[PDB]
Each structure stands twice: as structure tokens, then as C-alpha cells.
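What follows is a single structure, written as C-alpha cells, with notes after it.
Here, each number is a calculation from the coordinates, and none is a lab measurement. Because the Cβ atoms are built from the backbone with ideal geometry, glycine has one as well, and the counts that use them run over all protein chains shown.
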Amino acid sequence: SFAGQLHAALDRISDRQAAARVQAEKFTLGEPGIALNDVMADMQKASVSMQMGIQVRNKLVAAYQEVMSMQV
Amino acid sequence: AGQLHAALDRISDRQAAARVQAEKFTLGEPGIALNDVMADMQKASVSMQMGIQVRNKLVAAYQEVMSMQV
Amino acid sequence: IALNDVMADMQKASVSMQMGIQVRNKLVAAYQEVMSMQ
Amino acid sequence: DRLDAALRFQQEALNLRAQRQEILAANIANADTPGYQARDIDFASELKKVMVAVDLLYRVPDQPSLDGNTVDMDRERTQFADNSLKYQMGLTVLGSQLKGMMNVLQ
Amino acid sequence: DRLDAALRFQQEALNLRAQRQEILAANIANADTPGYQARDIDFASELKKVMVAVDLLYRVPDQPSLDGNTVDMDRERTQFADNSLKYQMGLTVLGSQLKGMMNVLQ
Amino acid sequence: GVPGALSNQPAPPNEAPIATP
Amino acid sequence: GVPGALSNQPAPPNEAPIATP
Amino acid sequence: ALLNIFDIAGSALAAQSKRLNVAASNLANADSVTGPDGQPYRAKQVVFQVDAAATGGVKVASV
Amino acid sequence: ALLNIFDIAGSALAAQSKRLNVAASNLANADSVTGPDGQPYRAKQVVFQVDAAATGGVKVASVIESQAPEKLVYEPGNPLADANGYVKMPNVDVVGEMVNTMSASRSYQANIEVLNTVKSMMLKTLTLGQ
Amino acid sequence: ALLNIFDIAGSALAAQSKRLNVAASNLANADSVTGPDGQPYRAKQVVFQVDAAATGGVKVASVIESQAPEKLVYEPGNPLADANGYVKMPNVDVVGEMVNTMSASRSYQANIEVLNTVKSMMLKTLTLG
């Protein structure tokens with residue numbers, strides 16, 4: 001179970017980003033009950049998650065290239 | 001070579017203690033003078049920066065030593 | 001102990017590691033060339 | 001075009017914030033013109049219509065005035081401050097989204 | 001998960017500080033209405049319960065008044081300043097923690 | 001409606017009669 | 001108890017009788 | 001939950017301005033013998049209310 | 001805690017406001033008579049105490065009635081007149097109340113200045129947490 | 001190691017905070033009388049010592065009552081009046097307390113600036129490489 005786990009990770013990241021986006025969209029239209037500090041914190045958490053994901057992607061692709069560029 | 005493990009555990013304990021003190025101060029009970037918490041926060045940040053720099057230096061050294069060509 | 005001292009020690013270790021690795025790689029490359037040539 | 005729409009939501013929000021700011025500035029400048037009617041727009045419904053050529057509504061007066069001027073001061077000043085803050089919030093949200101999109105390509 | 005748990009306490013403290021600020025603003029704006037009782041919340045108990053709507057309770061009156069109002073301006077101002085400063089401190093702590101979490105990825 | 005809200009048609013003119021006819 | 005603390009119940013309404021009942 | 005502060009403060013400002021206007025009108029017409037129709041002038045004053053949709057800003061009910 | 005400064009200043013402000021209110025009430029009732037149930041009006045003062053938590057804020061335990069003798073004025077036409085035809089006018093020291101109001105105002109301004117300075121210092125404190 | 005500056009500045013900040021708190025309490029209770037159990041309030045001062053462990057930061061040894069003469073007010077019409085009808089008033093100098101407050105604020109700001117400067121220098125040392 002590798003591709004399934006990777007797709008689950010991507011699903012979680014995209015879901016968090018979508019939640020942040022919809023919360024910001026709900027706030028900017030004037031719906032009560034949404035806090036500016038709350039939406040800012042959620043957006044920052046989403047950005048941190050995306051940065052972690054891209055770091056993992058870079059590490060994995062670098063390892064793949066290093067391990068498959070060698071000559072047997 | 002568990003000394004790096006011990007050092008990272010110690011710095012993690014330090015920053016966790018700083019976080020606990022900050023939480024205790026935000027709880028609204030008098031035990032903190034708003035100066036000790038900030039000083040501990042700064043010290044924890046500096047220690048964590050030192051740890052990540054050590055990690056970067058060590059992984060670079062490992063990459064170089066693995067890049068040898070016998 | 002001092003932060004400047006530990007940083008200088010790390011720099012010294014890195015430089016020495018680079019020197020040793022480069023010398024060893026040059027020597028082994030020369031030996032491999034000698035072995036390859038008849 | 002997917003990028004176009006994804007940034008377009010916030011871009012249109014910012015544009016409508018700018019328009020509302022301009023109208024608030026206009027009714028601040030003309031605050032002492034007799035026979036003037038306070039004007040404003042409904043941000044939520046206007047944004048909904050634009051997402052799915054701008055109409056403006058007359059602000060409800062609060063106190064009578066003989067010279068025919070109905071533009072209050074305190075209510076519209078609070079509106080000006082709120083609009084400026086929300087414009088800055090939209091600006092920083094758009095900037096964060098753009099920077100997050102950009103740094104992936106590094 | 002772990003990321004949300006690392007920041008849940010600070011985020012909830014920020015939210016409760018904002019709510020208490022709103023309560024203080026309301027009961028300082030109603031300073032002239034007779035028959036209006038001062039309101040506030042028990043911050044420590046609220047934070048502990050939320051980390052484990054919003055409960056609010058009346059304030060003990062300071063001096064009697066014929067109209068019925070029971071809000072003291074100096075006390076409200078001191079509470080307002082304290083809550084504002086603590087909110088600022090919580091924001092700073094959250095920002096520093098997020099900056100460190102971001103920095104650990106390089 | 002409530003003062004400070006928004007409405008479709010403008011306010012009526014305001015007059016100050018010195019003496020009602 | 002001490003003024004400025006937190007209470008769960010409102011104080012009784014205030015009155016200023018000009019003459020005792 | 002922080003954008004309602006502007007609404008509360010604006011309501012308070014408007015209510016205080018209305019009260020000040022009423023006081024100024026009373027001071028100006030302290031010695032008005034008659035009005036337009038003929039009835040003598042009578043002092044006026046506002047009646048506040050709690051503008052809760054729970055507590056919120058202050059709101060003037062009527063005069 | 002570096003935050004009990006606000007509590008100390010707030011307690012000082014509340015105490016000064018209480019004392020000023022008592023002085024104003026006495027000035028209003030300087031020449032009153034026959035309060036509720038007929039008992040003569042008597043002036044009141046306040047007593048300041050410190051909260052030994054060392055150093056602490058100020059509190060007012062209770063308002064204490066003055067023991068200075070009331071003024072006895074001969075006027076038999078008043079039903080309050082006793083067998084000697086005397087009415088009991090309250091004891092109010094106008095100069096004392098003026099001085100008390102002046103002192104309360106000065107203390108209030110000093111405390112508000114201290115609060116301003118400490119608030120500036122505390123706002124500047126947080127800049128090192130980043 | 002440049003790290004002990006944090007300890008030194010933290011001690012300095014604690015000492016200045018305690019001095020400011022004592023001065024503020026004195027200003028608040030300048031007019032106070034009849035403290036708990038009947039003893040009149042007495043003005044308090046702090047003492048600064050060096051926390052040598054050569055040279056080092058400043059700590060507060062204890063708090064001591066000032067030995068300035070204690071004021072008296074002639075008011076027989078008060079239950080606290082002594083045999084001569086004197087109520088005891090604390091010896092608090094408002095100008096002295098205000099000057100102490102201002103000096104403490106300035107020193108606190110200077111020390112936090114020192115802390116920020118040392119933090120910046122240490123971060124630079126970290127990013128030397």
C-alpha cells in the first residue's frame with residue numbers, strides 16, 4: 001500500500017486547502033460567526049502543510065533520480 | 001552514536017517546557033512575570049535553530065562521504 | 001562552551017573532511033587509471 | 001483559465017472593495033453639500049451578481065437636516081474604516097495565495 | 001492531527017480573548033442604558049473546558065445607581081487593556097511557533 | 001427602516017415651516 | 001463578594017424611596 | 001467574532017450623537033413660547049435599548 | 001507577575017472614585033435634614049487599607065459615619081424638634097470636602113499617568129518574542 | 001559563549017520589574033492608612049545586589065521599609081487617633097516615586113534592546129556558514 005497512502009496524503013492536503021479557501025470565502029462575504037484570526041491561522045496551517053508536502057516530494061524525487069541514474 | 005539522540009531529546013524537552021510555561025501563563029494564574037516566559041521562548045528558538053543547523057551540516061557531510069568513488 | 005567556538009569546530013571538521021575526501025578520490029582515480037592502462 | 005477563476009474570486013472581491021471605498025470617499029468629500037443624498041452599495045449581493053454595471057442604493061438617513069443633506073459622519077466613518085480593513089485583508093489573502101502558488105514551482 | 005494539536009491551545013486562547021474583548025466592548029458601549037447588567041466570562045474555566053455556545057455571567061456591582069446600570073468605567077478600561085495585551089501576546093506566541101515550524105523545513 | 005441601513009428609493013425633502021398654513 | 005468579581009446571579013434592582021412605605 | 005466591534009462602536013457613536021442633538025435642541029428651545037401649529041414646546045429625550053440580536057451595542061428606540 | 005501593576009492601578013482608581021463619590025454626596029447633603037424615617041442625616045468617610053498579598057493595592061473596607069457632633073439649631077416649628085426645640089443639622093466640613101476632592105483628582109491623574117507609562121513599556125516588551 | 005547575556009538581562013528585567021511594582025504600590029497607597037491589623041502602611045524600597053557566580057547581573061536581596069520620619073495628621077475625630085489625636089500617615093514622596101518609575105521604565109527598555117541585539121548577533125553566528 002504505497003500509491004493509496006500517497007493519494008490519501010494528497011487528499012488530506014487538498015481538503016485542508018479547500019477548507020481554508022471556503023472559510024475565507026464565507027468570511028469575505030459578510031457571514032457572521034467567522035473570526036479573522038481563525039481564518040488567518042487556518043490559512044497559515046494550510047501553507048505549512050503544503051510546504052511539508054513539497055519538501056517530501058522533492059526529497060522523494062531526488063532519491064528516485066539518484067537510485068535510478070546509476071549503472072548496473 | 002546516540003549522543004545526537006540525547007541532544008535532540010534535551011532540546012525538545014526545553015522547548016516543550018517553554019511551551020508549557022507559556023500555556024500556564026495564558027491560563028490566567030499568577031506564577032509568571034511575562035519576562036521569564038519570553039526569555040525561555042527565545043532560548044528555545046535559538047536551541048532549535050542550532051539543532052536544525054547541526055542537522056543540515058551532518059546531512060551534508062553524509063552526502064559528501066557517500067558521494068565517494070572507489 | 002561558546003557558540004562561536006562550536007561553529008569554528010564544525011567548519012574545521014568540514015574542511016578537513018573535504019581535504020581528506022579529495023585526496024583519497026584523487027589517489028584512487030590515479031590508481032584506477034594505472035590499473036586500466038596496460 | 002482555472003488559475004484565472006481561482007484568483008478571480010478574490011480579484012473581484014478586491015475590485016468591489018475598491019469601488020465601495022471610492023464611493024465612501026466621494027460622500028465624505030461632499031459631506032457639506034446641501035441637497036446631497038448618501039450613496040452606498042450592498043457588497044454581498046453585488047459580489048454574488050458579479051460572480052454569477054454596478055447599482056448603488058441610498059443610505060437610510062438617521063437625523064433630519066434643513067439643508068437637505070443626509071450623509072451622516074460617524075456611521076460612514078466606521079464604514080470607511082471597516083472597508084479599509086477588509087480591503088487589506090483581501091489583499092493579504094490574495095498575496096498569500098499567489099505566493100503559495102509560486103513557491104511550488106521552485 | 002499532530003499539527004492541529006500543537007496549535008489548538010494557542011488558537012483557542014486567541015479565540016476566547018477575542019470573544020471576551022467583544023463582551024467588554026458591548027458592556028462599555030451600553031454604559032448609559034438603565035437596567036443593563038454588566039457581563040463577562042470566566043476565562044480560565046472557559047479555556048479549560050474548551051480544551052477538554054459561550055457561558056457568561058454577571059459582574060458584581062461596584063456602586064449603586066438609581067437608574068439601575070452597574071458598569072464601572074475604570075474597571076472596564078483596565079480589563080480591556082489587560083485582555084488586549086494578552087491577545088497580542090498570544091498572537092505573538094502563535095506567530096513565533098508557526099515561524100519555527102516553517103523554518104524546520106529547511 | 002433602521003437608521004444606517006440601505007434602501008431602494010431616496011429620502012423625502014426636509015422642510016422647516018415657520019408657521020403651518 | 002468583592003466588587004468586580006464574577007457572580008452567577010444578578011443583583012436586586014435598585015430603588016431610592018423618597019419616603020419610607 | 002471581531003468585525004462586530006465596529007458595529008457596536010458605531011451604534012454607540014450614533015446613539016451618543018443623537019442624545020447630544022436632543023440636548024442641544026432642548027437648550028436652544030428652552031424659551032420657545034410656541035411652535036408652528038400653536039401648541040407650546042415640550043422637552044424631548046431619547047430612549048435607549050440593547051441592540052442584541054446575548055448582548056451587543058446600544059440602540060435608540062424612539063424619542 | 002509584571003501584570004499586577006494593572007490590578008494595583010485599577011484598585012487605586014476605584015478607591016479614589018469611591019472617595020470622590022462620598023465627598024460629592026456629602027456636599028450635596030450639606031444642608032439637608034429629615035432623611036428617610038426621620039433620622040437626621042450624618043456625614044460619612046472612607047478608610048483606605050492595603051492588601052497584604054509586602055506590597056499590594058488599596059481597598060475600602062466600609063464607609064464609616066462621622067462621630068463629630070451634629071449641629072443643634074433651635075427651631076420649635078419643626079416636628080423633629082425635641083423637648084428643647086432643637087433640630088439636628090448634619091456636620092459637613094466644606095473646606096474638608098474641597099480638599100478631599102482635590103486630593104482624589106490628583107491621585108487619579110497620577111495613577112492614570114503611571115498606567116500610561118507601564119502600558120507603553122509592556123507594549124514595547126513583546127517585540128523580543130519574535 | 002554570549003549566551004549568559006540572556007541570563008544577565010533576564011535578571012535585570014526581573015529586578016527592574018520588581019522595583020517598578022514597588023514604586024507603583026507606594027504611589028497607590030500613598031494616602032492609605034490603617035493597614036490590616038491596625039498597623040499603618042510604611043513605604044517600602046528594594047535593594048539591588050550583584051549575583052556574582054567576578055561580574056554578573058542584578059538581583060533583589062529583599063524589601064526594606066524606609067526609615068524616613070512618619071507623618072502625622074491632627075484629627076481627634078477619628079477612632080485611629082492616638083493619645084494626642086494624631087493619625088499616622090506613611091512617608092511617601094510622590095516625586096521620588098515618579099522618578100523611580102521613569103528610571104525603571106528606561107532601564108527596562110534599554111535591557112530589552114540589549115537582548116534583541118544579542119539575539120541578532122547570535123542568529124548571525126548561527127548563519128555564519
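Calculate for chain A the 222 nm mean residue ellipticity that helices alone would give, adding -39,500 (n - 2.57) per DSSP H run of length 4 or more and normalising by residue count, nearest 500 deg cm²/dmol.
Working: 2 runs with 59 residues, N = 72.
It lands at -29500 deg cm²/dmol.
Take each residue of peptide E:15-27, count the partner chain Cβ atoms within 10 Å of its Cβ, and average: the result is 5.
Distance to the E-onto-D rotation axis is smallest for one chain E Cβ; residue and value in angstrom are E:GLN106, 11. The residues packed around G:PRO3, meaning those with a beta-carbon under 9 Å from its beta-carbon, carry a net charge of 0 if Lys and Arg are +1 and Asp and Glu are -1.
Be a star and scan the range J:1-38 for residues whose amide nitrogen sits under 11 Å from the point 7 Å along the Cα-to-Cβ vector of C:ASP5. Those under the cut-off are J:1-2. Shown for E:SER45: label points 7 Å from Cα along the beta-carbon vector, and their distances to the equivalent points in the other copies, 4.5 nm in ascending order. With the charge dipole of the protein assembly as shown set up from +1 on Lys and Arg Cβ and -1 on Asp and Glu Cβ about the Cα centre, the Cα lying farthest toward the positive end among the listed residues I:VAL60, I:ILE8, A:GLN71 is that of A:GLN71.
Selection among J:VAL50, J:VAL114, J:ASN84 by position relative to the dipole of chain J gives J:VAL114 as farthest towards the positive end (Cβ unit charges, Cα centre).
Just to confirm the number: angle between the C-alpha axis of helix A:3-28 and the first principal axis of chain A, 0 to 90 degrees, nearest 10? So the inclination is approximately 20 degrees. For chain H, the percent of C-alpha pairs falling in each 10 Å distance bin, counted from 0 to the bin holding the largest distance, reads 21, 37, 23, 14, 5, 0.
Each listed q (0.09, 0.20 Å⁻¹) maps to a log10 I(q)/I(0) for chain E from the Debye sum over equal C-alpha point scatterers, namely -0.32, -1.03.
A point 7 Å from Cα along Cα→Cβ stands in for E:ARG2, and the other copies hold the same point at 3.0 nm, listed in rising order. The residue list D:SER65, D:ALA13, D:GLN97 was ranked by how far each Cα lies along the charge dipole of chain D toward its positive end, using unit charges on Cβ atoms, and D:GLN97 comes out on top. Amide H contacts for F:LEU6 (H built 1.01 Å from N in the peptide plane; partners 5 or more residues away or on another chain; cut-off under 5 Å): D:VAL60. Ranked from shortest, the separations from the 7 Å Cα-to-Cβ label point of G:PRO12 to its equivalents in the other copies are 5.1 nm.
Our note on the geometry: Cα centres of chain F and the range B:1-52, 64 Å apart.
Let a ≥ b ≥ c be the square roots of the eigenvalues of the Cα gyration tensor of chain I; is it rounded (a/c under 1.5), or, if not, prolate (a/b larger than b/c) or oblate? Since a/c reaches 1.5 and a/b is larger than b/c, the shape of chain I is classed as prolate. Taking Cβ atoms as reference points and 12 Å as the exclusive limit, the residues near D:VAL93 contribute a net charge of +2, counting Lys and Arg as +1 and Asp and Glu as -1.
Charge dipole of the range I:47-130 (Cα centre as origin; +1 on each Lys and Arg Cβ, -1 on each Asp and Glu Cβ, all else neutral): 540 debye, rounded to the nearest 20. Each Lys and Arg adds +1 at its Cβ and each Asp and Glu adds -1 at its Cβ; summed about the Cα centre, chain E shows a dipole of about 520 debye. Estimated from the Cβ-Cβ distance and a Förster radius of 35 angstrom, the FRET efficiency linking E:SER45 and H:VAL47 is about 0.45.
Would you calculate, for chain H, the mean residue ellipticity at 222 nm contributed by helices, counting each DSSP H stretch of 4 or more residues as -39,500 (n - 2.57) and dividing by all residues, to the nearest 500? Walk me through the numbers before you get to the answer.
Values: 1 runs with 25 residues, N = 63.
Taken over chain H, the calculation gives -14000 deg cm²/dmol.
For the residue pairs I:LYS18/J:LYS18; I:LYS119/J:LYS18; I:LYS44/I:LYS88; A:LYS59/J:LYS119; C:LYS12/J:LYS124, the alpha carbons lie more than 25 Å apart in I:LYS18/J:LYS18; A:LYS59/J:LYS119. Across peptide J:98-110, the mean count of Cβ atoms from other chains lying within 10 Å of each residue's own Cβ comes to 2. Put a plus charge on the Cβ of each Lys and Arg, a minus charge on the Cβ of each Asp and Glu, and nothing anywhere else: the dipole of chain A about its Cα centre is then about 160 debye.
Taking only alpha carbon atoms, chain B gives an Rg to Rh ratio of 1.23, where Rh is the Kirkwood radius. Across peptide D:84-90, the mean count of Cβ atoms from other chains lying within 10 Å of each residue's own Cβ comes to 3.
Net charge within 9 Å of D:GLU76 by Cβ-Cβ distance, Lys/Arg positive one each and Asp/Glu negative one each, not counting D:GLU76 itself? Each step should come with its number before you reach the end.
Working: positive: D:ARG59, D:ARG75, D:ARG77; negative: D:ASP40, D:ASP72, D:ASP74.
Result for the neighbourhood of D:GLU76: 0.
For the protein assembly as shown, the square roots of the Cα gyration tensor eigenvalues, ordered a ≥ b ≥ c, give a/c of at least 1.5 with a/b no greater than b/c, which places it in the oblate category.
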